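Asks: show me the folded form of this:
(chains A, B and C)
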Amino acid sequence: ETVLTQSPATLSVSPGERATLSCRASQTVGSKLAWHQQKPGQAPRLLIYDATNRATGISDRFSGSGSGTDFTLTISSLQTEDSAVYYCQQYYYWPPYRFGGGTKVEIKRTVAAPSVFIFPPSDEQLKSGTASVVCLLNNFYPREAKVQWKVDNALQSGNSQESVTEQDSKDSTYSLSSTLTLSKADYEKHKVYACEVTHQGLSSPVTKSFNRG
Amino acid sequence: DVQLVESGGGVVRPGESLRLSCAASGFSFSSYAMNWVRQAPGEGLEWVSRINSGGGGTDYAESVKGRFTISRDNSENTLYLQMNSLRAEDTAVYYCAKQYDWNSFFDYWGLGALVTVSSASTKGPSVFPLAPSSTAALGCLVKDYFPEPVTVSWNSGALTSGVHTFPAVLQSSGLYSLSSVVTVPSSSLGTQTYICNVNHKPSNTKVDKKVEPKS
Amino acid sequence: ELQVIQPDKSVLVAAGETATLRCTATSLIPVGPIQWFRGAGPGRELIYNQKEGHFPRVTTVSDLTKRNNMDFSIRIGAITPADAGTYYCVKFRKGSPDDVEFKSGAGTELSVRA
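Replies: Numbers count the residues shown, from 1 in each chain, chains lettered A, B, ... in the order given. Provided below are the atomic coordinates:
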């Protein structure tokens, strides 16, 4: 099987600039390389086939180049509507139905540091028997952030889940919630609950915490 | 133009069977090889199976082998995927796809049919407050519901500016949760009304919860 | 009776070249569409069909429209290893309720040099 290395994994391009996506085959693929676009929550659509030919209907802003092993997709005048994942597909060897890893494209913006907030579990929830601690990082860029939970200054692992909003249309920032789930049993065993946040817009990491009472 | 329209999806129980169908039009269905390609929540696209023009030649990814059957009806212009012995990791959007040629790239994709596999019963959300402060932030924690989606608005849709409602996560119990948060002036707290309305159509449920500072 | 001749046994082509796969009928009765397949069984793959379908990198050598015609040769552009195999030229019969295989050529082994 031919290995298709799509690169880079994520590409940030400020609005109006050219975006240049690369796909590289382990061995020669001639001209038989095709590009697909998948915007979030829709099906894929074909952009480019035969390395260089646009499909019927496709905008002249999308173009393809290369031959052999090294290929490029170029997006001319990047709109927010081109935020999507792009996949390459070769059909020089049998079988055709494998894809590269994909390249996510997102709108580049100046760094914005997250506003951090921590929410203790509500007392109503505590009647149920399970406790959720929510940490919110608000309106930052880039998406690269580490949240670390500490319980009595002890690192937590395997009891949290993250959720990220899709990049805003307007300001191009992300928001992120991490939710710690403990039983009422283990929750009431410990005192201090902290959320620590590393992001490149902060000079040092930011900790929000509370103590039960 | 060419249309590919999938149907037959929904919620199924592990061990249930389910038939997807893809209705094809705008072209000569019998002259092309057809595929199914799936996508789990937040993953890459994963090829599932392929079928001949004539219908007698079938390939299958090893992750679905023994359990999935592809077949077709040239008379009626329809692709099928039988899926037996389903399990939780078969949860995805399944797309039908046309090939340009028998050994070529994918020409056209379907709209895609979502297939959720879960033992869990239809359940309405519990809603819990994310109490502010002690510019400020508050929200509500919409927890333990099935299936997706739930909807969320603030103060009957009267509050929109700086609201974030998060994509739902599947918890290991088989049930979904999300939070919706909103940023507002600290001056406004305990003066203004902050209610989130949480409508879950699959359970005919509306909960409205007033989120206020703790004392 | 109608016989379907493909004169070539092997055809060796370079990656990227177009290959000509040659096929001749000896009669015109029975009426019906010619079709080309790569492989022989129920796992065969449709390569071309006179009656129906768009096959974007196949051209017919002659014009198959005009009745009198008996050349069913084809050109396939941009051959790569994925195209390797054995191509049969196949006469179909009648029509109602469906087209039925009637006669097939001996087969032309297409391959690619490295």
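Asks: please count neighbours and contacts with C-alpha atoms only from this point.
Replies: Noted.
Asks: surely residue C:45 touches residue B:51?
Replies: No: judged on Cα atoms under 8 Å, residue C:45 makes no contact with residue B:51 at a distance of 9.6 Å.
Asks: residue contacts, residue 183?
Replies: As the question left the chain open, I've gone with chain A. Contact analysis of residue A:183 by Cα atoms under 8 Å, 6 or more residues apart in numbering or on different chains lists A:129, A:130, A:131.
Asks: actually it's chain B I care about, not the one you picked
Replies: Residue B:183 touches B:135, B:136, B:137, B:138, B:162, B:163, counting by Cα under 8 Å, 6+ apart.
Asks: so which strand or helix has the third one?
Replies: Element membership of residue B:137 [criterion: DSSP states H and E] is strand B:136-145.
Asks: again, but for residue A:85
Replies: Going by DSSP H and E, residue A:85 is part of strand A:84-90.
Asks: what does that strand contact?
Replies: Residues contacting strand A:84-90 (Cα under 8 Å, 6+ apart): A:4, A:6, A:23, A:29, A:32-40, A:96-106, B:105.
Asks: can you pull the buried residues of that strand?
Replies: A:84, A:85, A:86, A:87, A:88, A:89, A:90 (16 or more other Cα atoms under 10 Å in any protein chain shown).
Asks: give the helix, strand or coil label for residue B:209.
Replies: Under DSSP: H, G, I helix; E, B strand; the rest coil, residue B:209 falls in the strand class.
Asks: hmm, it is touching residue B:126, no?
Replies: No: counting by Cα under 8 Å, residue B:209 stays clear of residue B:126, with 10.2 Å between them.
Asks: next one: residue A:175 relative to chain B, how far apart?
Replies: 8 Å (Cα to the nearest Cα, to the nearest Å).
Asks: dump the residue contacts of that residue.
Replies: Residue A:175 touches A:136, A:137, A:138, A:139, A:140, A:164, A:165, A:166, B:164, counting by Cα under 8 Å, 6+ apart.
Asks: what of residue C:47?
Replies: B:101, B:102, C:35, C:36, C:37, C:38, C:55, C:58.
Asks: following the helix or strand harbouring it, which helix or strand comes up?
Replies: Per DSSP H and E, residue C:47 falls inside strand C:45-49. Going down the chain from strand C:45-49, the next helix or strand is strand C:58-60, by DSSP H and E.
Asks: enumerate the residues of chain B near chain C.
Replies: B:27-28, B:31-32, B:52-58, B:100-103 (Cα under 8 Å from any Cα of the partner chain).
Asks: three-state assignment of residue A:12?
Replies: Going by three-state DSSP: residue A:12 is strand.
Asks: number of nearby residues for residue 12?
Replies: Since no chain was named, I'll use chain A. Neighbours of residue A:12 under the rule other Cα atoms under 10 Å in any protein chain shown: 14.
Asks: my bad, the chain I had in mind was chain C
Replies: 12.
Asks: wait, it sits on residue C:108?
Replies: No: contact criterion Cα under 8 Å: residue C:12 and residue C:108 do not qualify, at 10.2 Å.
Asks: which ones among the residues of chain B next to chain C map onto strands?
Replies: residue B:58 (DSSP state E).
Asks: which one of the residues of chain B next to chain C is nearest residue B:193?
Replies: Of all the residues of chain B next to chain C, residue B:193 sits closest to residue B:27, with 56.9 Å by Cα to Cα.
Asks: in terms of contact, does that closest one touch residue B:2 like I think?
Replies: Yes: if you go by Cα under 8 Å, residue B:27 and residue B:2 touch, sitting 6.0 Å apart.
Asks: now for these two: what residues contact both?
Replies: Counting by Cα under 8 Å, 6+ apart, nothing touches both residue B:27 and residue B:2.
Asks: format the CA atom coordinates belonging to the host helix or strand of residue A:178 as CSV.
Replies: Assigned by DSSP H and E, residue A:178 belongs to strand A:174-183. Output of strand A:174-183 as CSV, limited to C-alpha atoms (Å, rounded to 0.1, in the frame of the first residue of the first chain):
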residue,chain,number,x,y,z
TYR,A,174,-12.0,29.4,20.5
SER,A,175,-13.7,28.5,23.7
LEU,A,176,-13.0,25.4,25.8
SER,A,177,-14.6,23.7,28.7
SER,A,178,-13.0,20.9,30.7
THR,A,179,-15.3,19.0,33.1
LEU,A,180,-14.1,16.9,36.0
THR,A,181,-16.5,14.1,37.2
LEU,A,182,-16.1,12.6,40.6
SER,A,183,-18.6,10.8,42.8
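Asks: can you name the next helix or strand after that strand?
Replies: Taking DSSP H and E, what comes next after strand A:174-183 is helix A:184-189.
Asks: distance from the chain centre to that following helix, please.
Replies: 34 Å (Cα atoms, centre = their mean, to the nearest Å).
Asks: what is the three-state secondary structure of the residue most central in space within chain C?
Replies: For chain C, the residue nearest the mean C-alpha position is residue C:36 (3.1 Å; Cα atoms, centre = their mean). Residue C:36 falls in the strand class when you classify it by three-state DSSP.
Asks: hey, what's it bridged with?
Replies: residue C:48, residue C:89 (DSSP bridges).
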